[PDB]
Every structure is written in structure tokens, then in C-alpha cells.
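> whatever this is, show me its structure:
(2 chains)
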Amino acid sequence: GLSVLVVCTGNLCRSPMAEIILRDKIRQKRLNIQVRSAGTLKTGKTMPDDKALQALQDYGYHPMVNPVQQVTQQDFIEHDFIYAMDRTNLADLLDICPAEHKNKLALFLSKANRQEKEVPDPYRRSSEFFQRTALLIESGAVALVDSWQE
Amino acid sequence: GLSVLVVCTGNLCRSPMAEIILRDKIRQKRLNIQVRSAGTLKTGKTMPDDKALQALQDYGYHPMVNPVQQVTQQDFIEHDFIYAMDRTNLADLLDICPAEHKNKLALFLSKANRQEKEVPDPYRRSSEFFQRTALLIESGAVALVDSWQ
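Numbering: from 1, shown residues only, chains lettered A, B, ... in the order given. Sharing the structure here:
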């Protein structure tokens, strides 16, 4: 059958989510297409992010998940199409994709008739908000320390 | 000396961040104040969240960290002040604080002269964003399935 690979930076959130969702919709439509996911960067992790998996459960998907893996050279040959979650992902694959297979590269959102062209990284968004929390807590802490000396 | 407790739901993010930041500011002025943190809800976890700690490092704090712990009744007697990061925390504390000690309870931001009176939960925001991330991915997936068939 057909072979599809989905790729984000760490294979921790976005691309594993797409794999699980694609697999399900493929099985609903009884298509003979298999799907995997991979990251551009070697992470130390074994399994995808728990918060990715819980969001899939909230929407009725069963997250039975493959181990995290980084993209390889054989992936560009063995797979029929390969989808990138954001432009940075698409660039790094093109950076290392031999010219014979570069037409197989595309952004994940390319067939959805929507304004959004990249799916943004939830992890960077997460970090931004934790950094924002720190600043608010810092402001609170300074006031408490003042009040205490009074 | 003075003893201060700061409290969130899981003792994973807001309250340990506050403990570490408070400890730094107390030691900067060599005040005789101790600070600890605790959660209203018993989770199984041992240490706070990695991204709470990294966010502290990003701002130059050195996160030396106590194990996660749940608030106890001894906490309401042993501590001089007890701060809830948000109203949900303050409500859960009022539920189990003996009436003799409820005057020790206050919102963490009660002395910051700001609009914000609650520190919003980064975990709930994060969860919201993963859900909207999934929906964007799902709509993408549906389109991909169509073009193939």
C-alpha cells in the first residue's frame, strides 16, 4: 500500500498526533495507506508527550503510539509522501532530502483550504506562558516581601 | 522566625515557582523567613514540572527544589501565612482550614497593586492549546484523506 510519513521537530506532539488521527481516518475509509511519524531532531525521549496523548483522548482518538524516532535517509526513499508541520520542518527535510525525492515534501496543512499554513509548536507556546507566569509571580513575591517587613 | 506557605493545586508549577523566587528574595535581604510550598490535591508525582524549573532558569533563578507535597492540617497551625495562587486554591484551602486559622489565608498577589489577583494556571492554558492544536491537525488530516481517495 501507500506509505505516508509525518514530521515535526521532536516527534513528541504534532507529528504523533497526526499519525494517530490519520491512521483512524484511514481505517474509517478502509484505505490501504500506512502512516508513521518522525522528528528532525534526536530527542532523548522514548514515547510522545503525555499532553499530546490526552488531547487525542479528549477528542475520541485511541492513542496507541509508536516509539519516538528521527527521520532517516531510507525514509525519503521508502515513503510515498512526507508532510512537515511547519516551515522550519519543511526546510530541514529539504536540507537533507536527495533531489530524487524532494517532490514528496510538503506542509501538512497544504490541502486544507484554511488560512493557517503551519501548525504551531505547542511546546514553544507552553514555554512562553510559563515564562509569563514567572514574571507575574516575581511581581507578587516582591510585594509580599515588602509587606512582611511591615 | 516567620514561616510562609504558598499553595496551588498540584504543587507542580505555580507554588514551587513562588517558593523558589521567594526564597531568593528573602536570602537577598537576609531576612529570617522560611518558605515552603504545597498542593491541595494529592498527585503521585515526586518533583515539580520541568518547564516550571526551566522557566525559572530562563530568568536567572537557580531552582533548588523541595519534593512535591500535599498540604496538611499541621500546615495551618505551623505556618504564619498561607498564600493561594488563585481563587480555586483559596476555596479548597478554606474548605479544610479550621476556623481559628482562616485569617492566615490570602491570595498570592494580594499585595501586588495590580489588576491581576490570581496567577493563572499554566497547565490549564497549555491543555487548551494542545486541544486546539489537535483540532487544527484533524482538519488537516481530513483534507489529506480526501485528496488520496
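
> for chain A, which segments count as strands?
With strands called from DSSP state E, chain A shows them at A:2-8, A:33-39, A:81-84, A:105-107.

> helices along chain A, start to end?
Applying DSSP state H to chain A gives helices spanning A:14-28, A:50-58, A:73-78, A:87-96, A:122-148.

> pick the most buried one from those.
helix A:14-28 (a mean of 23; mean count of other Cβ atoms under 10 Å in any protein chain shown). The way it works is simple: take the backbone N, C-alpha and C, and place the C-beta from them, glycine included.

> and that helix, what does it pack against?
Secondary-structure packing of helix A:14-28 (3 or more Cβ pairs under 8 Å, 6 or more residues apart in numbering or on different chains; DSSP states H and E): strand A:2-8, strand A:33-39, helix A:50-58, helix B:122-148.

> so what's residue A:135 closest to, chain neighbours aside?
The shortest distance from residue A:135 to any non-neighbouring residue, by Cβ to Cβ, 6 or more residues apart in numbering or on different chains, is to residue B:59 (7.5 Å).

> quick one, phi psi at the one you found?
Dihedral angles of residue B:59 (phi, psi; degrees, to the nearest 10) stand at phi -100, psi 20.

> would you mind finding the most buried of the strands of chain A?
Across the strands of chain A, averaging neighbours per residue (mean count of other Cβ under 10 Å) puts strand A:81-84 on top, at a mean of 25.

> to the chain's geometric centre, what's the distance from that one?
A distance of 12 Å separates the centroid of the chain from that of strand A:81-84, by Cα atoms, centre = their mean, to the nearest Å.

> and that strand, which strands flank it?
Strand pairing for strand A:81-84, determined by DSSP bridges: strand A:2-8 (parallel), strand A:105-107 (parallel).

> what are the contacting residues of that strand?
By Cβ atoms under 8 Å, 6 or more residues apart in numbering or on different chains, the residues outside strand A:81-84 that reach it are A:2, A:4-8, A:18, A:75-76, A:90, A:93, A:104-108, A:110, B:144.
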